[PDB]
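Q: Sending over a structure as structure tokens; questions will come in a sec.
Cβ placement follows ideal geometry from the backbone for every residue including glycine, while neighbour counts extend to all protein chains displayed. What is reported rests on the model, the rules as stated and the sources as named; no laboratory instrument gave them.
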Amino acid sequence: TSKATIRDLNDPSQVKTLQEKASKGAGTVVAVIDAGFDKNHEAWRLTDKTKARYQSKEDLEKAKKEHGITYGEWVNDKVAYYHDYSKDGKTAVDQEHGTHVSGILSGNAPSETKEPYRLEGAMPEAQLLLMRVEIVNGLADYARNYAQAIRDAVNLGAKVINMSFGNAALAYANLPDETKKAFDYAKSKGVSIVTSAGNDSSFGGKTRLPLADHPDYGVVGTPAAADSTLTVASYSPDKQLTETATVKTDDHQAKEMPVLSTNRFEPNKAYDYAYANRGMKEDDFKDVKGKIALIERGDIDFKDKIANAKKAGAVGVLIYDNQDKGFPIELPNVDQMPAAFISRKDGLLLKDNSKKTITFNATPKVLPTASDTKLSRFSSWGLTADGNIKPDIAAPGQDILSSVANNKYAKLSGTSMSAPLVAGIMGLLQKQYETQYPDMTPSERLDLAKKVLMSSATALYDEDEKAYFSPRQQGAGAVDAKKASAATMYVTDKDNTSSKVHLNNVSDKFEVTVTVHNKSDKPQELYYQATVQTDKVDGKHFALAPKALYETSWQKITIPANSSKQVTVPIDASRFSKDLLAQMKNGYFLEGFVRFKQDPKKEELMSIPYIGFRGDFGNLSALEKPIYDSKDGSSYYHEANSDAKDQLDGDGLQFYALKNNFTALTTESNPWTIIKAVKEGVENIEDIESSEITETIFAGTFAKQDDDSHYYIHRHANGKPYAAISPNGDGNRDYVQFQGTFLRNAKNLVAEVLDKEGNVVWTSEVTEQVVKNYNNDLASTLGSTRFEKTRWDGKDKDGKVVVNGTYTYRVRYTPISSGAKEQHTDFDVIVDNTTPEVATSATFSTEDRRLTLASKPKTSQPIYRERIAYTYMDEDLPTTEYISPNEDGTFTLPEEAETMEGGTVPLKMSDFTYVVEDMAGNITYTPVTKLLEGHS
Ligand SMILES: [Ca+2]
Ligand code: NA
């Protein structure tokens, strides 16, 4: 029995055509640098080991000796080398991702596989060098480790190195020099390095849209940002080999639909199903018992919808999209529950179908995708931190079936899956070129291969928008191995360095110059046109969709044999500026593709992207304005309480900092009971000595005298936040520290204090590298960052507390863009260490229980709170509550306190304490019994 391969049934990138020309990798070596692998998978095999570069452990050891490599080992005929460059890591090794990526590149499953179709990667007959690397310490360390892996791969003979991993938003400039040299080393040896773009979409993440005011929303990081690598974005072709389910529709006709299942349904079993809305309430499931629950996506998590269906006795789950032309989403495994994701159209078909019975088939088949040809929502957008164009090209990355741990298979989505496909195509094209262009050096063939793959890639078109997807999302287009293998021409920028044109900043009128290279022995004539486009905007947000402005007229060019010729396309978008600026006030991209054809009526032959920015890109604001300045109290990652726009509670007892992610200043509130306990040397305080807590809060915020559980922003008459500190070491409002939501990466972040008299009296340590807060999720990065180096303790550069007064706490930082001006954000900060002068005696009226103080408080800063606290035992815990003064200045003392259990506890005069605090946090606390004894 000989099984067909998945590629035999579906080959969106036309890899077979290139293989017809360049074979399947026999005799070649390729490397994968990832997080771990199943080195024993059945997919790791060669049809004829006699043709391999390394025919034995001895052949391998010989190569190792030649290069002085004294580690790593031969595994089997397919995996000629394996080394873990991150063994110091205590955590376990994940084998799924690396195995899956490697499978797409070089899997070669035998017919004895349990699968219906054999996994046969792009270069199934090549040997693999598998290198494990993982972050175990810092990122610089990590980069030095994968740098050695790259170098070892090159020396061990790899022709391509796939790196389907990365860290969002990092700048290439910050990588260790040894890492930069390793990329250059591979390039100098003609070894292609392919990187995944990332799955972070744009600033804000896959669940949000970035703001139109802030155009630098790219999140591609490293290693992708390295210019020498070929970075791959992910898209979905218009058809996919998918598992399916069959249903009978009204017409009495059978209808097949794609399904993406987690866990397994009983094949060929007719199941009954019931609609259950968005599966939020039990009511919804009032009929799913013993049937499959059909649930619409939205509102709540997939896991919840699934758990709820299980509760109601459902035997399986069908979740249909709430988006039109969406993508299949891998549903969570909630305690083995069979759960399948289907398109909205298919879900709606099931929803209103007479015979509510469905069957799952065992044989997968190719069916159209609900998305049609479309870039993946998760694919990372460029530009890179220093403004270079990435990604470079796109490849299929949705629900790709490949090898996983323990000799199994599974579908995974990600640019991680797109990359190895391109890596294999690059390897085969390089092999083809060893025959086609034998007189070039390995480096020259590599350069040619990358240019041809990018030029021949087909620019994808957004049908809904009537425009090509932005080059910042798809790079030079979707890879096509057939077009690449057939190509005898390619297109580059005027300097012949890359198949993309970066114009940096532009006015409404600019020129796009392209060089067409002809490697044929005959002159060739082409027609070319340029699309002119920008970002589509919906309200205050970028839609992450293209907006066509116009397309130029087709012009012609004849390129002599074995030569090149430049063409220049004049662009003028002056007529759109008024409307575009109204939408994108700080500037917008003017970009597109210069497309080439043999005839205007024929298909696109080549396309090269160009990108310019109508504005001053390098100087776009790097920091989101302070939350205090927001008119409606909201920010990108923080929604206000419309009912109270000035409410701004602090950290409370939260464990993670998912809330309140915005730019502001932090400080700490230390209640008098804790200040007292610390001054007295009490060691165990929390939940023992007091019921109050030390809380990290935002500077400029204050609680009301009658606690309501909230803090509110207070501002000077001028509108600035009333930030004030009392640097006296009691932990109560002793300092201010910068917290920022960075919209763009930055460098050399430093805080300084001006005395508003012309002098800088203090300067913090510098935070050299700042990464934009591209999401607000524990799985990637939080929406804001607290910079401990900027903490100011109210002391000057000589180490002494500055005199009472108002100062400017200035935070400076510079964008990464070449030549950007330093930017800064300022906050007025008051320093006042004046202790309140308060009554030293009092008298008490037993009749009405009113306490009258001998005098009123005198404070430098306005009074914040003046209260009488009472601490009573509630299950052995000294619990404190407060009393605000009467309008005549006296305080009415209660005779008892109510406990949580609902009981009562008598209060003694010794339970009361007079506490006075000013707006800088200066405070006094005197036992009421002491005031009463305050008489001679
Ligand atoms: Ca203080
Ligand atoms: Na292209």
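Q: Could you figure out which of (1) buried (at least 20 other Cβ atoms within 10 Å of the Cβ); (2) within 15 Å of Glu330 (Cα to Cα) isn't true of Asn263?
A: Evaluating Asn263 over (1) buried (at least 20 other Cβ atoms within 10 Å of the Cβ); (2) within 15 Å of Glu330 (Cα to Cα) leaves (1) as the failure.
Q: Something else: Across segment 885-907, which residue is farthest from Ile693 (Cα to Cα) among those that are within 53 Å of the chain's Cα centre (by Cα) and hydrophobic (A, V, I, L, M, F, W, C)?
A: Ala897
Q: Checking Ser520 against (1) crowded, with 22+ Cβ neighbours inside 10 Å; (2) away from ligand 2 (no atom under 16 Å from the Cβ); (3) not hydrophobic (A, V, I, L, M, F, W, C), which test does it fail?
A: Among (1) crowded, with 22+ Cβ neighbours inside 10 Å; (2) away from ligand 2 (no atom under 16 Å from the Cβ); (3) not hydrophobic (A, V, I, L, M, F, W, C), the lone unmet condition for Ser520 is (1).
Q: Conditions first: (1) within 16 Å of ligand 1 (Cβ to nearest atom); (2) over 24 Å from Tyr712 (Cβ atoms); (3) of a type in the set (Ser, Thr, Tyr). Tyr864 passes all but one, so which condition is the exception?
A: Status for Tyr864: all satisfied but (2).
Q: Counting only residues that are within 16 Å of ligand 1 (Cβ to nearest atom) and in contact with a helix residue (DSSP H, G or I) (Cβ under 7 Å, 6 or more places away or on another chain), how many does segment 891-936 have?
A: Kept after step one, since they are within 16 Å of ligand 1 (Cβ to nearest atom), are these residues of segment 891-936: 915-925.
When the remaining residues are screened for being in contact with a helix residue (DSSP H, G or I) (Cβ under 7 Å, 6 or more places away or on another chain), the result is 915, 923, 925.
Qualifying residue count for the region: 3.
Q: When you go through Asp730, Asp796 one by one, which is the residue that is in contact (Cβ under 8 Å) with a residue 12 or more places away in the chain, surrounded by fewer than 23 Cβ atoms within 10 Å (Cβ to Cβ) and more than 16 Å from ligand 1 (Cβ to nearest atom)? Even if it seems obvious, please write down each step before you answer.
A: Working: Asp730 fails: more than 16 Å from ligand 1 (Cβ to nearest atom).
Residue meeting the stated conditions: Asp796.
Q: Continuing with the same structure: Between a residue in segment 907-926 that is under 17 Å from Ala677 (Cβ atoms) and any residue that is part of a loop (DSSP other than H, G, I, E, B) and more than 16 Å from ligand 1 (Cβ to nearest atom), which pairs come within a Cβ distance under 6 Å, given they are 6 or more apart or on different chains?
A: Partner pairs satisfying both residue conditions: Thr924/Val838.
Q: Out of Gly783, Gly700, which single residue is within 16 Å of ligand 1 (Cβ to nearest atom) and either surrounded by 21 or more Cβ atoms within 10 Å (Cβ to Cβ) or outside the structural domain of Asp629 (by CATH) (or both)?
A: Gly700
Q: Among the residues of segment 205-233, what is the count of those that are assigned to a loop (DSSP other than H, G, I, E, B) and hydrophobic (A, V, I, L, M, F, W, C)?
A: 7
Q: Taking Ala92 as the residue in question, decide whether it is within 38 Å of the chain's Cα centre (by Cα) and outside any loop (DSSP other than H, G, I, E, B).
A: No.
Q: If only one of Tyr71, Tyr85, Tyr81 is in contact with a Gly (Cβ under 8 Å, 6 or more places away or on another chain) and assigned by CATH to the domain that holds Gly424, which one is it?
A: Sole residue among the options that is in contact with a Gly (Cβ under 8 Å, 6 or more places away or on another chain) and assigned by CATH to the domain that holds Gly424: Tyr81.
Q: So which of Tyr925, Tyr872, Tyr914, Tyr882 is surrounded by fewer than 16 Cβ atoms within 10 Å (Cβ to Cβ), under 55 Å from the mean Cα position of the chain (by Cα) and of a type in the set (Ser, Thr, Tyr)?
A: Answer to the selection: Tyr882.
Conditions (1) over 27 Å from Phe378 (Cβ atoms); (2) surrounded by fewer than 22 Cβ atoms within 10 Å (Cβ to Cβ); (3) touching a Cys at 6+ places or on another chain (Cβ under 8 Å), marked per residue:
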residue: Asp227; (1), (2), (3): no, yes, no
residue: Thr231; (1), (2), (3): no, no, no
residue: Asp238; (1), (2), (3): no, yes, no
residue: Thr249; (1), (2), (3): yes, yes, no
residue: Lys303; (1), (2), (3): no, yes, no
residue: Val334; (1), (2), (3): no, yes, no
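Q: Based on what the data block shows, is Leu544 in a strand (DSSP E or B), in contact with a helix residue (DSSP H, G or I) (Cβ under 6 Å, 6 or more places away or on another chain) and away from ligand 2 (no atom under 14 Å from the Cβ)?
A: Taking the combined requirement at face value, the residue does not satisfy it.
Q: With (1) in a loop (DSSP other than H, G, I, E, B); (2) surrounded by 22 or more Cβ atoms within 10 Å (Cβ to Cβ) as the list, and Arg53 as the residue in question, which single condition is left unmet?
A: Only one criterion is unmet by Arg53, namely (2).
Q: Just wondering, is there one or more residues in segment 35-55 that are β-branched (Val, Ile, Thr), touching a residue at least 60 places away in the same chain (Cβ under 8 Å), assigned by CATH to the domain that holds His97 and touching a helix residue (DSSP H, G or I) at 6+ places or on another chain (Cβ under 7 Å)?
A: Taking every residue of segment 35-55 in turn, none turns out to be β-branched (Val, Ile, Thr), touching a residue at least 60 places away in the same chain (Cβ under 8 Å), assigned by CATH to the domain that holds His97 and touching a helix residue (DSSP H, G or I) at 6+ places or on another chain (Cβ under 7 Å).
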